[PDB]
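Visitor: The structure under discussion is supplied below as structure tokens; questions concerning it will follow.
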Amino acid sequence: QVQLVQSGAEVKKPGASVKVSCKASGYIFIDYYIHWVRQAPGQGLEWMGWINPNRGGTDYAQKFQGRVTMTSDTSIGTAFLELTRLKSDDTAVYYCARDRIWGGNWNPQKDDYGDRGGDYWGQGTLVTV
Amino acid sequence: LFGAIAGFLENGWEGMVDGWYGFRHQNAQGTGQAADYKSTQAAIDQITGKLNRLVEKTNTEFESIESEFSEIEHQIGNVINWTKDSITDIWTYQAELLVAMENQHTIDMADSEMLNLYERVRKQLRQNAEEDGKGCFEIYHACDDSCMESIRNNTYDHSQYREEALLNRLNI
Amino acid sequence: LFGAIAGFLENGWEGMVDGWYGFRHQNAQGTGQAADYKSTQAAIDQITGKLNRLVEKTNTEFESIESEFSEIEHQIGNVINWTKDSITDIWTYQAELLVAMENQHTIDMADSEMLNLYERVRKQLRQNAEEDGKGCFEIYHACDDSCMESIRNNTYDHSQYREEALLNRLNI
Amino acid sequence: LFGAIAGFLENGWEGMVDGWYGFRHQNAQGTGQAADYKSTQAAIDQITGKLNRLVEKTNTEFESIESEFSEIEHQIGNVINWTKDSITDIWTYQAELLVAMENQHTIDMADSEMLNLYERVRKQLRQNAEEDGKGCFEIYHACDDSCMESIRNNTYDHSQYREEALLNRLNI
Amino acid sequence: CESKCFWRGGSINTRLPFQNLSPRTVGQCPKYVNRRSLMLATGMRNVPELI
Amino acid sequence: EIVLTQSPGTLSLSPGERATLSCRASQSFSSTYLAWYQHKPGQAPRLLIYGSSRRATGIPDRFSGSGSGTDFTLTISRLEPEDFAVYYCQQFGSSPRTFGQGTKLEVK
Amino acid sequence: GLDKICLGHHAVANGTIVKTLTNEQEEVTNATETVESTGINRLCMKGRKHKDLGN
Amino acid sequence: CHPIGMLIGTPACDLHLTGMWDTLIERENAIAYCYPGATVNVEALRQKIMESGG
Ligand SMILES: *[C@@H]1O[C@H](CO)[C@@H](O[C@@H]2O[C@H](CO)[C@@H](O[C@@H]3O[C@H](CO)[C@@H](O)[C@H](O)[C@@H]3O)[C@H](O)[C@H]2NC(C)=O)[C@H](O)[C@H]1NC(C)=O
Ligand SMILES: *[C@@H]1O[C@H](CO)[C@@H](O[C@@H]2O[C@H](CO)[C@@H](O[C@@H]3O[C@H](CO)[C@@H](O)[C@H](O)[C@@H]3O)[C@H](O)[C@H]2NC(C)=O)[C@H](O)[C@H]1NC(C)=O
Ligand SMILES: *[C@@H]1O[C@H](CO)[C@@H](O[C@@H]2O[C@H](CO)[C@@H](O[C@@H]3O[C@H](CO)[C@@H](O)[C@H](O)[C@@H]3O)[C@H](O)[C@H]2NC(C)=O)[C@H](O)[C@H]1NC(C)=O
Ligand SMILES: *[C@@H]1O[C@H](CO)[C@@H](O[C@@H]2O[C@H](CO)[C@@H](O)[C@H](O)[C@H]2NC(C)=O)[C@H](O)[C@H]1NC(C)=O
Ligand SMILES: *[C@@H]1O[C@H](CO)[C@@H](O[C@@H]2O[C@H](CO)[C@@H](O)[C@H](O)[C@H]2NC(C)=O)[C@H](O)[C@H]1NC(C)=O
Ligand SMILES: *[C@@H]1O[C@H](CO)[C@@H](O)[C@H](O)[C@H]1NC(C)=O
Ligand SMILES: *[C@@H]1O[C@H](CO)[C@@H](O)[C@H](O)[C@H]1NC(C)=O
Ligand SMILES: *[C@@H]1O[C@H](CO)[C@@H](O)[C@H](O)[C@H]1NC(C)=O
């Protein structure tokens with residue numbers, strides 16, 4: 001059965017950087033995109049980006065452009081999110097959700113497939129700044 | 001490991017959540033998947049209804065020939081339930097060897113329905129493809145998602161690609 | 001509409017009278033037809049004899065165990081009645097399923113005999129023909145009724161036509 | 001007469017004693033033979049065990065219901081061995097028609113397991129061979145016993161021979 | 001509650017072809033089979049993916 | 001950048017009634033580009049509907065939704081004690097993919 | 001214009017319906033009955049040394 | 001009360017001697033004879049009663 005697990009909580013001062021890790025098991029890690037969603041206390045859900053583990057393509061929202069970074073290591077089956085230049089507004093709970101379709105486009109920015117959505121969402125980690 | 005695709009004759013697809021048979025591909029734009037709703041709908045129709053064909057439909061009511069609360073004569077009691085044990089033996093034998101023949105046919109049939117679709121695609125592309133031996137065809141021209149849907153859709157007019165393909169197949 | 005000589009994989013031929021399997025053709029002289037009397041005769045021989053294969057051939061004479069004009073005791077009459085109705089329920093069930101397993105095989109058997117002949121013609125022409133996908137082959141040279149009879153007759157020597165075919169098949 | 005290595009679709013090999021299926025070849029060095037120990041080991045496993053699946057495994061102990069040394073009443077004697085003859089008739093009919101359905105399947109199955117191996121070799125060689133129609137392939141390059149073992153072994157990399165093969169197939 | 005078959009311990013109503021409760025019944029019961037379970041295939045042959 | 005707005009208000013109801021939530025967008029896109037999630041405190045969200053018209057795996061039948069063009073709606077035929085949570089609307093029409101404001105639900 | 005040679009099997013305007021393992025309304029070009037329902041209202045007794053008791 | 005009691009009118013079966021039905025149900029340990037006795041061919045009679053409709 002599928003299951004996504006990740007690291008524990010962390011605390012970091014302003015101006016530092018963090019690296020959350022989201023490991024998966026029970027399926028073939030290469031397929032399926034990987035979402036990344038956060039939720040600041042009392043705020044709704046924000047969408048950060050997603051990555052294509054097959055070739056490392058990534059796509060980020062304009063709000064995080066130039067600050068966020070994504071990586072994937074198939075040999076270990078872990079998807080990483082690295083965040084730099086931390087501000088006091090970066091305190092939230094970061095998730096990681098696998099998609100539900102097999103497809104891909106080598107550049108998720110130009111994908112146009114049909115019914116898809118996050119599935120097997122992980123558990124989330126608290127980063128405090 | 002990285003990449004690589006395979007079809008039947010290598011293993012079954014574990015990501016097929018919708019449909020029995022289907023396709024996969026890989027080109028300059030990206031990978032994908034889709035099921036073949038026609039063939040998978042025929043097989044499911046045939047197979048799932050076999051339970052109702054096993055039920056007897058000539059119902060004959062049966063009465064009691066012995067008493068559950070009072071004794072029966074020994075001479076006739078033996079004959080009464082020497083037949084019963086010899087009739088229960090026929091039904092038990094007739095069921096094991098009759099379901100097994102239905103299980104056997106289902107396995108064989110469903111596998112033939114798959115080799116019929118593979119040979120339907122083979123004759124559709126004609127001289128523009130070669131089989132690599134793992135259940136896929138290697139297209140010798142560059143065709144986009146509008147071509148892949150055509151191959152699934154049974155609308156592939158091969159005549160317009162032959163010139164570009166045979167140049168690559170025979171290496172000028 | 002006009003033309004078209006589509007074969008099997010499209011529909012059965014309604015103008016066939018003198019056999020089960022056969023051929024059709026079309027060339028510069030005209031259209032035509034002829035049945036295949038070898039494969040046709042094999043299948044008819046097997047299929048038609050299955051009725052006698054079902055008749056019991058271990059005949060055992062049976063007597064009467066109850067009177068059709070007098071009366072029988074109630075105690076024993078019930079036991080006789082129970083056995084008869086329980087034995088009639090086995091033959092009825094056994095016959096329905098047994099025949100269904102002979103209808104099932106006949107349909108599959110006869111349909112393989114057609115795909116065995118199609119593969120026999122395919123490997124006979126070799127590199128001088130291509131399969132159009134509707135159940136028949138497109139000859140890439142001009143050859144007449146003496147040729148068409150040869151293909152049916154299994155006397156087609158492909159070696160003499162290869163030179164003038166590959167020139168047209170690959171478009172020089 | 002001399003030569004000729006015709007395969008299946010012409011007759012069975014009488015000098016093949018070490019297995020069910022196998023190969024033969026002929027080249028500039030000699031002639032030879034060898035068996036395909038994989039396919040023959042699977043088929044032998046399935047068929048030889050069908051005897052034990054015919055045995056009833058719900059053993060129920062029976063008893064005597066009529067004396068072998070003393071008389072019985074006529075009224076009940078007829079009923080006793082009117083049932084025995086009617087039960088012996090079901091088993092005799094069931095056995096004949098149940099074995100025939102296993103003889104029929106064994107013949108069909110084992111002949112399909114052979115057409116699967118022929119098509120496994122076909123797709124292995126790709127564009128470096130043409131079937132002559134007697135069950136075997138004509139290699140269009142000169143390859144020695146180290147190649148013949150490769151074709152059996154499933155280690156045949158077609159890519160390195162293609163250049164020198166299509167030169168001969170199309171006759172420059 | 002409705003049924004078409006009966007046995008000393010209660011009633012039997014179902015759509016499966018065979019039954020294994022008791023041999024002695026009255027009515028139009030399913031035929032008695034002396035086996036605990038008898039499975040019937042409904043899908044295809046399973047051959048999982050390589051790791 | 002497509003932006004989505006949801007029917008405002010906590011929409012407090014009593015158990016056993018019928019609720020209705022709506023999700024509206026700035027510009028039209030195909031009905032297949034939508035999904036519905038249910039978020040309970042202290043847990044990761046859960047996928048309820050994908051494509052706006054088909055239920056997720058193992059989802060109870062009482063959840064259903066429909067809509068086309070500009071308007072998309074989710075309907076809970078009957079409300080049970082164990083489904084009072086925040087519901088979200090996400091669109092897959094064009095990058096970036098964005099979440100709605102979120103609609104709360106509370107007992108009366 | 002190009003040559004051709006095509007293969008097929010015969011059919012009929014209308015056939016009969018028979019039952020098989022996977023279907024219940026299967027159609028075929030030709031079929032035969034298997035159950036007898038007609039008898040002779042006389043007591044055919046050729047070649048048997050019979051006795052009619054009578055009354 | 002035993003079915004045979006219906007034709008003999010034993011006290012234990014007094015309530016329902018006559019009647020029509022479609023499915024007769026017989027319990028266990030039913031009373032048939034008050035004053036001790038026996039019936040000849042009793043089994044062939046109990047079967048005859050249990051088939052009737054009233
Ligand atoms: C017809 O079949 C029935 C059932 O198979 C036979 O009656 C069975 O007789 C055996 C003894 O031969 C009984 O076993 C004993 O029963 C009690 C259980 O409390 C006890 O004395 C022993 O521990 C032992 O198990 C068995 O109960 C009895 N079955 C029934 C249902 O009454 C019968 O013998 C067969 N035909 C004839 C002519 O006997
Ligand atoms: C054993 O089986 C035979 C045959 O199934 C039973 O005989 C049948 O008995 C029924 C009554 O229980 C007869 O039905 C009635 O017959 C006459 C017809 O004029 C009339 O009273 C009613 O309209 C009704 O049809 C039925 O005819 C009779 N069958 C034959 C062939 O004679 C028999 O009762 C069973 N049991 C025993 C203990 O013999
Ligand atoms: C139950 O079946 C048995 C066997 O089928 C029947 O008894 C058989 O009766 C025949 C005559 O009808 C006997 O044949 C004669 O036996 C002796 C052999 O020395 C001799 O008189 C004749 O040459 C002739 O063969 C036969 O032996 C006898 N079988 C046995 C095993 O005793 C029986 O009639 C059937 N049921 C009833 C109710 O009779
Ligand atoms: C013909 O078939 C029989 C039955 O399978 C073969 O005899 C069996 O041989 C196996 C081992 O190969 C033994 O385990 C079985 O016990 C044998 N069966 C019996 C009934 O004796 C027999 O060897 C085959 N003949 C040839 C020439 O191969
Ligand atoms: C159609 O079915 C009938 C009935 O089964 C076939 O009749 C048999 O024909 C064969 C071949 O000539 C004879 O040997 C049999 O004796 C016939 N059987 C009976 C019962 O008459 C008939 O051949 C089938 N085909 C056609 C074209 O009618
Ligand atoms: C798909 O097949 C249908 C049915 O023939 C046809 O109408 C439609 O145009 C096809 N689509 C494509 C893209 O070929
Ligand atoms: C037809 O085949 C027969 C049998 O082999 C042969 O004798 C005859 O010459 C053939 N006829 C033609 C026209 O090829
Ligand atoms: C035969 O096959 C085995 C198993 O793959 C392989 O190890 C061996 O090298 C092969 N031998 C030859 C001569 O190709």
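Each chain in the structure tokens gets a letter, A, B, ..., in the order shown, and its residues are numbered from 1; ligands are numbered from 1 in order too.
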Residues within 6 Å of ligand 6, counting only C-alpha atoms and all ligand atoms: report them as a VMD selection string.
Guide: chain B and resid 149 to 150 153 155
Visitor: How about saving the chosen residues, C-alpha atoms kept, as a compact mmCIF listing (two decimals), in the first residue's frame?
Guide:
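Result file follows (again_27.txt):
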# COMPACT_ATOMS: atom_id res chain seq x y z
CA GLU B 149 -4.96 9.22 -30.53
CA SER B 150 -5.31 8.27 -34.20
CA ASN B 153 -8.94 5.68 -32.61
CA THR B 155 -8.11 6.53 -37.95
Visitor: Kindly provide, as a ChimeraX atom specification, all nucleotide and amino acid residues lying within 8 Å of ligand 3, counting only C-alpha atoms and all ligand atoms.
Guide: /D:68,72-82
Visitor: May I have the residues from that selection written out with N, CA, C and O atoms, as a PDB file, in the first residue's frame?
Guide:
ATOM      1  N   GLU D  68     -25.283 -61.337   0.564  1.00  0.00           N
ATOM      2  CA  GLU D  68     -24.656 -62.078  -0.522  1.00  0.00           C
ATOM      3  C   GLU D  68     -24.849 -63.582  -0.402  1.00  0.00           C
ATOM      4  O   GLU D  68     -24.467 -64.313  -1.321  1.00  0.00           O
ATOM      5  N   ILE D  72     -33.632 -62.034  -0.455  1.00  0.00           N
ATOM      6  CA  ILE D  72     -34.244 -60.777  -0.048  1.00  0.00           C
ATOM      7  C   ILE D  72     -35.668 -60.754  -0.585  1.00  0.00           C
ATOM      8  O   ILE D  72     -36.008 -61.456  -1.538  1.00  0.00           O
ATOM      9  N   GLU D  73     -36.506 -59.935   0.041  1.00  0.00           N
ATOM     10  CA  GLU D  73     -37.875 -59.793  -0.434  1.00  0.00           C
ATOM     11  C   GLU D  73     -37.885 -59.253  -1.857  1.00  0.00           C
ATOM     12  O   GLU D  73     -37.091 -58.381  -2.217  1.00  0.00           O
ATOM     13  N   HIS D  74     -38.795 -59.785  -2.672  1.00  0.00           N
ATOM     14  CA  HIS D  74     -38.864 -59.376  -4.070  1.00  0.00           C
ATOM     15  C   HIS D  74     -39.280 -57.916  -4.208  1.00  0.00           C
ATOM     16  O   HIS D  74     -38.740 -57.190  -5.047  1.00  0.00           O
ATOM     17  N   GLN D  75     -40.243 -57.470  -3.400  1.00  0.00           N
ATOM     18  CA  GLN D  75     -40.744 -56.105  -3.526  1.00  0.00           C
ATOM     19  C   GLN D  75     -39.619 -55.089  -3.373  1.00  0.00           C
ATOM     20  O   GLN D  75     -39.457 -54.194  -4.211  1.00  0.00           O
ATOM     21  N   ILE D  76     -38.829 -55.212  -2.306  1.00  0.00           N
ATOM     22  CA  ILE D  76     -37.743 -54.270  -2.057  1.00  0.00           C
ATOM     23  C   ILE D  76     -36.481 -54.605  -2.840  1.00  0.00           C
ATOM     24  O   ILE D  76     -35.677 -53.704  -3.112  1.00  0.00           O
ATOM     25  N   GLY D  77     -36.281 -55.871  -3.204  1.00  0.00           N
ATOM     26  CA  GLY D  77     -35.110 -56.223  -3.987  1.00  0.00           C
ATOM     27  C   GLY D  77     -35.055 -55.489  -5.312  1.00  0.00           C
ATOM     28  O   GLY D  77     -33.990 -55.039  -5.736  1.00  0.00           O
ATOM     29  N   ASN D  78     -36.199 -55.366  -5.988  1.00  0.00           N
ATOM     30  CA  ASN D  78     -36.228 -54.639  -7.253  1.00  0.00           C
ATOM     31  C   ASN D  78     -35.874 -53.174  -7.052  1.00  0.00           C
ATOM     32  O   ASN D  78     -35.111 -52.599  -7.835  1.00  0.00           O
ATOM     33  N   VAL D  79     -36.422 -52.552  -6.009  1.00  0.00           N
ATOM     34  CA  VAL D  79     -36.146 -51.140  -5.764  1.00  0.00           C
ATOM     35  C   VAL D  79     -34.685 -50.946  -5.392  1.00  0.00           C
ATOM     36  O   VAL D  79     -34.071 -49.931  -5.739  1.00  0.00           O
ATOM     37  N   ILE D  80     -34.105 -51.908  -4.673  1.00  0.00           N
ATOM     38  CA  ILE D  80     -32.708 -51.786  -4.267  1.00  0.00           C
ATOM     39  C   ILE D  80     -31.801 -51.754  -5.487  1.00  0.00           C
ATOM     40  O   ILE D  80     -30.964 -50.857  -5.627  1.00  0.00           O
ATOM     41  N   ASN D  81     -31.948 -52.727  -6.392  1.00  0.00           N
ATOM     42  CA  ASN D  81     -31.107 -52.775  -7.581  1.00  0.00           C
ATOM     43  C   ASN D  81     -31.873 -52.437  -8.854  1.00  0.00           C
ATOM     44  O   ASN D  81     -31.632 -53.024  -9.912  1.00  0.00           O
ATOM     45  N   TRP D  82     -32.800 -51.484  -8.753  1.00  0.00           N
ATOM     46  CA  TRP D  82     -33.121 -50.581  -9.849  1.00  0.00           C
ATOM     47  C   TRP D  82     -32.370 -49.271  -9.706  1.00  0.00           C
ATOM     48  O   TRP D  82     -32.103 -48.600 -10.709  1.00  0.00           O
TER      49      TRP D  82
END
Visitor: Where does DSSP see alpha helix (DSSP H) in chain C, if you list the residues as an MDAnalysis selection string?
Guide: chainID C and resid 39:48 74:125 145:153 162:169
Visitor: Might you pull out every residue within 10 Å of residue 6 (chain H), with only C-alpha atoms counted and same-chain residues fewer than 2 positions away left off, and present them as a PyMOL selection string?
Guide: chain H and resi 1-4+8-18+32+49
Visitor: May I ask for the distance between CA of residue 114 (chain B) and CA of residue 43 (chain B), given in Å to one decimal place?
Guide: 10.2 Å
Visitor: Neighbours of residue 8 (chain E) within 12 Å (only C-alpha atoms; same-chain residues fewer than 6 positions away dropped), as a tab-separated table (two decimals) with N, CA, C and O atoms, in the first residue's frame?
Guide:
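Ended up saving to result-v9.tsv:
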chain	number	residue	atom	x	y	z
B	64	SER	N	-39.98	-34.58	2.64
B	64	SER	CA	-39.24	-35.37	3.61
B	64	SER	C	-39.60	-36.84	3.48
B	64	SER	O	-40.78	-37.19	3.40
B	67	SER	N	-38.11	-39.15	9.35
B	67	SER	CA	-38.56	-38.34	10.48
B	67	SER	C	-37.37	-37.90	11.33
B	67	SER	O	-36.50	-38.70	11.67
B	68	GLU	N	-37.35	-36.61	11.66
B	68	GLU	CA	-36.27	-36.02	12.44
B	68	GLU	C	-36.46	-36.21	13.94
B	68	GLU	O	-35.54	-35.90	14.70
B	69	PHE	N	-37.62	-36.70	14.38
B	69	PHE	CA	-37.91	-36.84	15.80
B	69	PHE	C	-38.32	-38.25	16.19
B	69	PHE	O	-38.46	-38.52	17.39
E	21	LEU	N	-24.90	-26.12	4.20
E	21	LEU	CA	-25.42	-26.05	5.56
E	21	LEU	C	-25.77	-27.43	6.09
E	21	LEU	O	-25.19	-27.90	7.07
E	22	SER	N	-26.72	-28.11	5.45
E	22	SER	CA	-27.14	-29.43	5.89
E	22	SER	C	-27.68	-30.20	4.70
E	22	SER	O	-28.16	-29.58	3.74
E	23	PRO	N	-27.63	-31.53	4.73
E	23	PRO	CA	-28.16	-32.31	3.60
E	23	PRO	C	-29.67	-32.43	3.58
E	23	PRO	O	-30.26	-32.45	2.49
E	24	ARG	N	-30.32	-32.51	4.74
E	24	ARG	CA	-31.74	-32.77	4.84
E	24	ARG	C	-32.50	-31.45	4.82
E	24	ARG	O	-32.44	-30.68	5.78
E	25	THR	N	-33.21	-31.19	3.73
E	25	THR	CA	-33.97	-29.96	3.59
E	25	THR	C	-35.27	-30.25	2.86
E	25	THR	O	-35.42	-31.29	2.21
E	26	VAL	N	-36.22	-29.33	2.98
E	26	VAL	CA	-37.52	-29.43	2.33
E	26	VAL	C	-37.79	-28.15	1.57
E	26	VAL	O	-37.55	-27.05	2.07
H	25	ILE	N	-46.24	-26.91	10.43
H	25	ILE	CA	-45.00	-26.89	11.20
H	25	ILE	C	-45.20	-27.75	12.44
H	25	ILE	O	-46.19	-27.57	13.16
H	26	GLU	N	-44.27	-28.66	12.68
H	26	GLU	CA	-44.34	-29.59	13.80
H	26	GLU	C	-43.13	-29.38	14.70
H	26	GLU	O	-41.99	-29.44	14.24
H	27	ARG	N	-43.39	-29.15	15.99
H	27	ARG	CA	-42.32	-28.92	16.95
H	27	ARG	C	-41.71	-30.25	17.36
H	27	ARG	O	-41.97	-31.30	16.77
H	28	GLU	N	-40.87	-30.21	18.40
H	28	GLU	CA	-40.23	-31.41	18.92
H	28	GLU	C	-40.85	-31.78	20.26
H	28	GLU	O	-41.18	-30.91	21.07
Visitor: For atom 16 (O, counted along the ligand's line) of ligand 5 and CA of residue 23 (chain C), determine how far apart the two atoms are, in Å to one decimal place.
Guide: 27.3 Å
Visitor: Compile the contact shell of residue 16 (chain D) as a VMD selection string: residues with an atom at most 12 Å away, counting only C-alpha atoms, same-chain residues fewer than 5 positions apart removed.
Guide: chain D and resid 7 21 to 24 32 to 36
Visitor: Output as a tab-separated table one row per residue of chain D within 8 Å of ligand 4: the closest atom pair and its distance in Å to one decimal place, counting only C-alpha atoms and all ligand atoms, sorted by chain and residue number ascending.
Guide:
residue	atom	partner	partner_atom_place_in_ligand_line	distance
D:47	CA	ligand 4	5 (O)	8.0
D:48	CA	ligand 4	5 (O)	4.8
D:49	CA	ligand 4	5 (O)	7.7
Visitor: Between chain G and region 96-108 of chain C, at 10 Å or less, what are the per-residue closest atom pairs and their distances in Å? Count only C-alpha atoms, order by chain and rising residue number, and return it as JSON lines.
Guide:
{"residue": "G:18", "atom": "CA", "partner": "C:103", "partner_atom": "CA", "distance": 7.7}
{"residue": "G:19", "atom": "CA", "partner": "C:100", "partner_atom": "CA", "distance": 6.0}
{"residue": "G:20", "atom": "CA", "partner": "C:100", "partner_atom": "CA", "distance": 4.6}
{"residue": "G:21", "atom": "CA", "partner": "C:100", "partner_atom": "CA", "distance": 5.8}
{"residue": "G:22", "atom": "CA", "partner": "C:104", "partner_atom": "CA", "distance": 7.9}
{"residue": "G:23", "atom": "CA", "partner": "C:104", "partner_atom": "CA", "distance": 9.1}
{"residue": "G:24", "atom": "CA", "partner": "C:100", "partner_atom": "CA", "distance": 9.6}
{"residue": "G:26", "atom": "CA", "partner": "C:103", "partner_atom": "CA", "distance": 9.4}
{"residue": "G:28", "atom": "CA", "partner": "C:107", "partner_atom": "CA", "distance": 8.8}
{"residue": "G:31", "atom": "CA", "partner": "C:103", "partner_atom": "CA", "distance": 9.9}
{"residue": "G:34", "atom": "CA", "partner": "C:99", "partner_atom": "CA", "distance": 9.5}
Visitor: Restricting the output to C-alpha atoms, write the selected residues as a PDB file, in the first residue's frame.
Guide:
ATOM      1  CA  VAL G  18     -27.868 -21.554 -29.497  1.00  0.00           C
ATOM      2  CA  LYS G  19     -26.380 -21.353 -26.006  1.00  0.00           C
ATOM      3  CA  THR G  20     -22.687 -21.418 -25.087  1.00  0.00           C
ATOM      4  CA  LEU G  21     -20.523 -20.927 -22.009  1.00  0.00           C
ATOM      5  CA  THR G  22     -19.994 -17.183 -22.489  1.00  0.00           C
ATOM      6  CA  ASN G  23     -23.288 -16.245 -24.186  1.00  0.00           C
ATOM      7  CA  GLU G  24     -26.962 -17.197 -24.120  1.00  0.00           C
ATOM      8  CA  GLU G  26     -25.362 -17.011 -29.718  1.00  0.00           C
ATOM      9  CA  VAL G  28     -25.064 -19.795 -35.833  1.00  0.00           C
ATOM     10  CA  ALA G  31     -28.139 -26.247 -35.782  1.00  0.00           C
ATOM     11  CA  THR G  34     -31.313 -33.110 -29.519  1.00  0.00           C
TER      12      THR G  34
END
Visitor: Restrict the distance test to only C-alpha atoms, flag each residue of chain D within 12 Å of chain E, and return the flagged residues as a list in words.
Guide: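 Interface list for chain D against chain E: residues 56, 57, 58, 59 and 60 of chain D.
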Visitor: Save the residues we just selected, N, CA, C and O atoms, as a PDB file, in the first residue's frame?
Guide:
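In the end it all went to again-v8.pdb:
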ATOM      1  N   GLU D  56     -11.391 -38.822  -6.800  1.00  0.00           N
ATOM      2  CA  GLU D  56     -12.256 -38.199  -5.809  1.00  0.00           C
ATOM      3  C   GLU D  56     -11.540 -38.119  -4.467  1.00  0.00           C
ATOM      4  O   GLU D  56     -10.970 -39.108  -3.998  1.00  0.00           O
ATOM      5  N   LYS D  57     -11.569 -36.939  -3.850  1.00  0.00           N
ATOM      6  CA  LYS D  57     -10.898 -36.691  -2.579  1.00  0.00           C
ATOM      7  C   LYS D  57     -11.894 -36.237  -1.517  1.00  0.00           C
ATOM      8  O   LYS D  57     -11.637 -35.309  -0.748  1.00  0.00           O
ATOM      9  N   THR D  58     -13.049 -36.893  -1.471  1.00  0.00           N
ATOM     10  CA  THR D  58     -14.062 -36.694  -0.439  1.00  0.00           C
ATOM     11  C   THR D  58     -14.555 -38.044   0.058  1.00  0.00           C
ATOM     12  O   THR D  58     -15.755 -38.308   0.150  1.00  0.00           O
ATOM     13  N   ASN D  59     -13.606 -38.920   0.381  1.00  0.00           N
ATOM     14  CA  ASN D  59     -13.908 -40.322   0.636  1.00  0.00           C
ATOM     15  C   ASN D  59     -14.999 -40.479   1.687  1.00  0.00           C
ATOM     16  O   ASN D  59     -14.922 -39.906   2.777  1.00  0.00           O
ATOM     17  N   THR D  60     -16.016 -41.268   1.344  1.00  0.00           N
ATOM     18  CA  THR D  60     -17.098 -41.622   2.247  1.00  0.00           C
ATOM     19  C   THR D  60     -17.227 -43.138   2.277  1.00  0.00           C
ATOM     20  O   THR D  60     -17.262 -43.786   1.228  1.00  0.00           O
TER      21      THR D  60
END
Visitor: Enumerate residues in contact with ligand 5: an atom-to-atom distance of at most 8 Å, counting only C-alpha atoms and all ligand atoms. Format the result as a VMD selection string.
Guide: (chain C and resid 44 48) or (chain G and resid 29 to 33)
Visitor: Within 9 Å of chain C, which residues of chain D come that close, and what is the closest atom pair and distance in Å for each? Count only C-alpha atoms and give it as CSV.
Guide:
residue,atom,partner,partner_atom,distance
D:75,CA,C:65,CA,8.4
D:76,CA,C:76,CA,8.9
D:78,CA,C:65,CA,6.6
D:79,CA,C:65,CA,6.4
D:82,CA,C:62,CA,7.6
D:83,CA,C:83,CA,8.0
D:85,CA,C:60,CA,7.8
D:86,CA,C:87,CA,8.3
D:87,CA,C:87,CA,8.4
D:89,CA,C:58,CA,7.9
D:90,CA,C:91,CA,8.2
D:92,CA,C:58,CA,8.1
D:93,CA,C:56,CA,7.1
D:94,CA,C:94,CA,8.8
D:97,CA,C:54,CA,8.4
D:130,CA,C:126,CA,8.0
D:131,CA,C:123,CA,7.1
D:132,CA,C:123,CA,7.2
D:133,CA,C:123,CA,5.6
D:170,CA,C:166,CA,7.8
